[PDB]
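Residue numbers (the entry's author numbering), protein chains in the order written: chain B, 2 to 253; chain C, 2 to 254; chain A, 1 to 253; chain D, 2 to 354. For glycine and all other residues, C-beta sits at the position ideal for the given N, C-alpha and C. A quick write-up on the structure given underneath.
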Amino acid sequence: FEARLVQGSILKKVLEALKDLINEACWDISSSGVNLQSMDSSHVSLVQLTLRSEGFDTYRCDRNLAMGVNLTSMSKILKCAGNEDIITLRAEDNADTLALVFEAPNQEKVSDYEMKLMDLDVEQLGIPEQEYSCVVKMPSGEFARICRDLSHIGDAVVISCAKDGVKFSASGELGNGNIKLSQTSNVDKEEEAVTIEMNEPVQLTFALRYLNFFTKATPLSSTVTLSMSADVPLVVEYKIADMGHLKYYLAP
Amino acid sequence: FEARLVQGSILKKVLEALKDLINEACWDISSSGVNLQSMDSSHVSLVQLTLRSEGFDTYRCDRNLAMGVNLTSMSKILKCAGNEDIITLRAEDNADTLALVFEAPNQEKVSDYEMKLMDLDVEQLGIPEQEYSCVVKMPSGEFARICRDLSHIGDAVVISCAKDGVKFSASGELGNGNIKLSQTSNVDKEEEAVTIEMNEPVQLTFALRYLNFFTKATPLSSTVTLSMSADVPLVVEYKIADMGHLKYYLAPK
Amino acid sequence: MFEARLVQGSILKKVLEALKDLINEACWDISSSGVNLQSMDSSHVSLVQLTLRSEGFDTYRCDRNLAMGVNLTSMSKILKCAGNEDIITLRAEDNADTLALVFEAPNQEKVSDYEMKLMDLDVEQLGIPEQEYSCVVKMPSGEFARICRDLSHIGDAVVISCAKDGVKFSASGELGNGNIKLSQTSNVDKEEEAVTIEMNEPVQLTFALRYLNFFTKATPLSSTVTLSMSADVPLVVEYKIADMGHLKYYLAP
Amino acid sequence: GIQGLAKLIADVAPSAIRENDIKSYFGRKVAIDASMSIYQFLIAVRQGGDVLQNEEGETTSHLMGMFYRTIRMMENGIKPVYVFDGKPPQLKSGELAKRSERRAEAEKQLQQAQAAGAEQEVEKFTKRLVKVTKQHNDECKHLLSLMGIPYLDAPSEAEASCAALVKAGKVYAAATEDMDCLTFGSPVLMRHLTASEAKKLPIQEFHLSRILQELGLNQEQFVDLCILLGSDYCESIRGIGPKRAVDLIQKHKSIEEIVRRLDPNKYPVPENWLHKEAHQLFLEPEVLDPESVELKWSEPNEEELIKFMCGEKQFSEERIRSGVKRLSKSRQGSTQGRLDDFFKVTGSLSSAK
DNA sequence: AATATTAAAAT
DNA sequence: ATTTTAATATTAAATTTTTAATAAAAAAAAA
DNA sequence: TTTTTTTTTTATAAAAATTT
């Protein structure tokens, strides 16, 4: 295919988010946009990347190419690329190579990188849209702070969503953390505010480690949508550059 | 016991300075203030930490509390606090749970941290109050730099004072070293100057690994007061911002 | 009897942090004309030629041909004792086998005399001829460091090609091809970042990678790399030490 | 070897037993019984049912354990004195006869297990068959002389000479695991001195002064308590265990009072019970002179250590070579002072619930 | 020379 | 009844070098 | 210039082996 992207830091941040969690990924790329739907390496979590074709400046996908890339290798190849680089993704149908022609932002260095695809089972799980009761829209700085600083105590976060504030409780051998966040609506720039949707008070535990690899996607967005219900695995949604979403799912 | 610290970055720096020297200490928390007279696990260094009640905000202490805190776990709990964080100490009557409430500067993230305690007994040394014969006031970054770079080439400083100034000389199997400093009463500076009071030109050999553990309090005090005399241990005073001192004692070689 | 007072502390720190990764013991060919070094790699593949002429020193006075050799891990650590804006003063004696390293402060506050053990080694002072090269490029040093450390992730070899419209760096590795097709940049408005190529003949043969990653630790010395090659000859990776000399690294391909 | 003394001070006066780290004894000259250590190294360090030996058929597990453990005494800051064992006194004849009966019984069930044909039973019954020899202590004294550790030869049991060394203030602690060293008169005993790689075993330090303050006794009275408990120099009264011994020493304050008022039908006092001679042995043993010995920690002779341990014991050069370099690092650290020398300990408890 | 324990004492 | 006690069994290690994992910096990448 | 942000490097705690 051919998919130029002038904000290549977004794809770099996607791959540095997805490098440490999953390793085999089935990039089921269609003409409707780049999307990925694969589980964990230990089959506990789930990553649902979506990169729509309206966000890319140049897009060309004549054939539905479902290819498989080791994301440690693709993470190293995107670690080569610069921050302001114009990253293109190219593929040929008959030969299994994924060309990543980069562009330095002065039109003075062109970095071409072929990627060895590998055949594996294409995941076709799917998910219906559940009635997500408690939707928490916090900034990603405080979510990275909360998960990275509740990992110091325990291995499980008891997320107690309520009417006015959401509580993040972890209790291990080193103590008992309990981080409350008020529903901020007064001191914000419409990016620093935590808003919680009033449906029902929702309290169920979620493990750490995997939630730290979930919040490894912190530089992708300044907002984290935390949609959850009393039984359903939670959506940790990262809004990808207002052109898609990176959904994370963790079974409680 | 209710101690609300407005500048909680002070307490973050105190337990970062207390993280590597010792791992468990008993807090002599009274109504006069929060105190910590703890000694090294190798029983060579000492920490005299004193936070007075006049430097806290709305301090309260009913009984003479004394609890034994695993300082690595307390440093992990206090590293959850931010730079502009308001830290509220709280404790009950029994030494079981130490609450560490991190009040947000904009009141949006109240972070309650109950902490499990330990029940250990530590040794207290009776430190006399005497006039040291060589009081060296130094910048904190320069004392940090002197300790961390003489430890590359040496196992021990030989701190020599004179009329000219202090002489941090280190020796090793790597190459002989020497760092000399000079007092400046001409510039009349405030934090970057070296102030040396002399009575005797003392020359004492101190272990430099423990001085690297001491230079973790450098963020707490730009002014580092090295007070020493002949065959009396070095006290390394990091004066905290108008609360008290973090005094580090160290036996000469 | 030898004095090598040099005004820029950071740039001899850059030299001795550039040479700690390749070579362990190097013989500093110190003469009256200027400071030189020439030694082969610790794996005996690469060749390093450091020249620091005496014109860019602050004061210089050398009497005899002191072909004395230090451990560079040791002199690297002793130069990590230096400040960035310090003044390096290499002093030496004749009977004494110590390379003195007095580091003057940017102010007049401290001095940092370091003696050093001379682990003397007799390397072979070979005379490398400086002939013409078929490809010489002037590419920016941070950008060449990015090319080396970012094609380090794929293979074990770099296939530099001399195309007419800019130099091409390739790496056929396990993860795939790695062809940076860098372009010819002779722009006026980029004063030193312009990729200036003076090519008389194209050439393309397989180079090394781990040694090039060792070579690009000389990156903060200069903003430019005067990279030179021809057919069936060692590479030149030339780093211009301000106005003092050239740190030419050589690579056996 | 007092039956039930560690549990007695653990369950009667626990303020005396202070558990401490191995790092917390920095700069402390301490005296270690050597024969207990040698039995630890020839019991614990085995392969395949055999003791660790060289190619000449000589035993060398004791030198291995002594070298590595004594190096681990050097990095933890403590300064070892290896008080080697000497001639035991004449009242230990029944105890050494009981030990020889135990080793002969272990030899006959070793022959029974070899007739049955096992491996773990054979290695256990030859783990019980271990005996110190004059060449064992001779080679270990040779090794500690080349390492620079001050070897001492007791004229009695070495717990007595350790107690006389701590009694003169020459060394800080008598670092034996034996209970009898407290009764010999060590003001400081410390036990479980396995200075090991991240074992974190607390050093069970026994202080005699808090024992004699808490139990309300003096030195001869604690001797009478340990004699009634059962030493290795005389038998004990049958039917008198630890708690009854604590009550009888507390309420009669002698042992001859327990002789003169006791029922012979119920608690049988033995007629051959030579308690006064063992009492005088625990008061005044045949110790070494503590003020005439050379307590110095010299520079380790590298060359004779390599020649001895690589020609006679054929040890690999890299391990003992790196061990003597970290001995050199610990010997540069060995001059480092302690803060107890300059400040006196006032708040001994500093209790936290 | 140490610890555990359990039937057997031990009143 | 408990708890007291003399019996009866048992062990006593310390590396260096690898295993997955750690948390403090090295050392840039970017406010 | 100040502050994060990561690979690296680190002493680390468990666990294999055998140290002769």
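- For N200/C, the nearest beta carbon of chain B is not closer than 8 angstroms to its own beta carbon.
- Sequence-ordered contacts of the segment 56-79 of chain A with chain C read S74, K77, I78 [C-beta pairs closer than 7 angstroms].
- Per DSSP, the continuous alpha helix (DSSP H) segment holding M37/D begins and ends at 35-45.
- Judged by DSSP secondary structure, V236/A falls within the beta strand (DSSP E) whose first and last residues are 235-241.
- In the structure shown, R245/D falls within a helical segment according to DSSP collapsed to helix, strand and coil.
- Rounded to the nearest whole angstrom, the C-alpha separation of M244/A and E238/A is 13 angstroms.
- Cβ neighbours of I23/B within its own chain (closer than 7 angstroms, five residues either side excluded): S39, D41, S42, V48, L72.
- Per DSSP, the continuous beta strand (DSSP E) segment holding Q49/B begins and ends at 46-53.
- Close to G78/D, with beta-carbon spacing below 7 angstroms, are these residues of chain C in chain order: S43.
- Taking each of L6/C, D21/C, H44/C in turn and checking the Cα distance to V35/C, the smallest one comes out for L6/C.
- Scanning chain B for C-beta atoms nearer than 9 angstroms to the C-beta of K164/C yields nothing, as the closest lies near 51 angstroms away.
- Approximately 7 angstroms separates the beta-carbon atoms of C62/B and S31/B; this is inside 8 angstroms, confirming the contact.
- Note that the segment 154-170 of chain D touches the segment 29-38 of chain D; at least 3 beta-carbon pairs, one per stretch, sit closer than 8 angstroms.
- Contact annotation, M139/B with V225/B: C-beta distance approximately 5 angstroms; criterion of less than 8 angstroms satisfied.
- Distance from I128/B to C162/B at the Cβ level is roughly 21 angstroms; contact not present, criterion being Cβ atoms closer than 8 angstroms.
- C148/A is positioned such that its CB atom lies no closer than 8 angstroms to that of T206/A.
- Taking 8 angstroms as the threshold, the shortest C-beta distance from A252/C to chain D falls below it.
- Judged by pairs of C-beta atoms under 8 angstroms, the segment 149-156 of chain D touches the segment 285-304 of chain D, as three or more such pairs exist.
- A distance below 8 angstroms separates the beta carbons of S54/C and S33/C.
- 8 angstroms or more divides the Cβ of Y249/A from the Cβ of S74/A.
- In chain A, no part has a C-beta under 8 angstroms from the C-beta of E17/B; the shortest such distance is about 13 angstroms.
- A distance below 6 angstroms between beta-carbons, with the five flanking residues on each side excluded, links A92/A to the following residues of its chain, in chain order: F2, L99.
- Relative to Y26/D, the option among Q337/D, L9/D, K93/D whose CA is nearest is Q337/D.
- Within the same chain, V167, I197, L227 come within 6 angstroms of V137/B by CB-CB distance, once the 5 residues on both sides are set aside.
- In the structure shown, the three-state DSSP call for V15/A is helix.
- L101/C and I88/C do touch by the CB rule: their CB atoms are close to 6 angstroms apart, below 8 angstroms.
- Among the residues facing chain A, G142/C is not included, as its CB has no counterpart in that chain under 8 angstroms away.
- With the criterion set as a beta carbon lying under 8 angstroms from some beta carbon of chain A, the segment 216-228 of chain B has no members that meet it.
- Per the coordinates, the alpha-carbon of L19/A lies some 15 angstroms from the alpha-carbon of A145/A.
- Secondary structure at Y268/D: coil, using DSSP grouped into helix, strand and coil.
- According to the DSSP assignment, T216/A belongs to no beta strand (DSSP E), since it is labelled neither H nor E.
- Assignment of beta-bridge partners to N65/C by DSSP yields no partner.
- The beta carbons of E17/C and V70/C sit about 14 angstroms from each other, so the pair does not count as a contact at 8 angstroms.
- The Cβ neighbour count for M68/B, taken over all protein chains shown within 10 Å, is at least 16; the residue is labelled buried.
- Secondary structure at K80/A: helix, using DSSP grouped into helix, strand and coil.
- Annotation for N213/A: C148, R149, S152 place their beta carbon closer than 8 angstroms to its own, counting only its chain and skipping 5 residues before and after.
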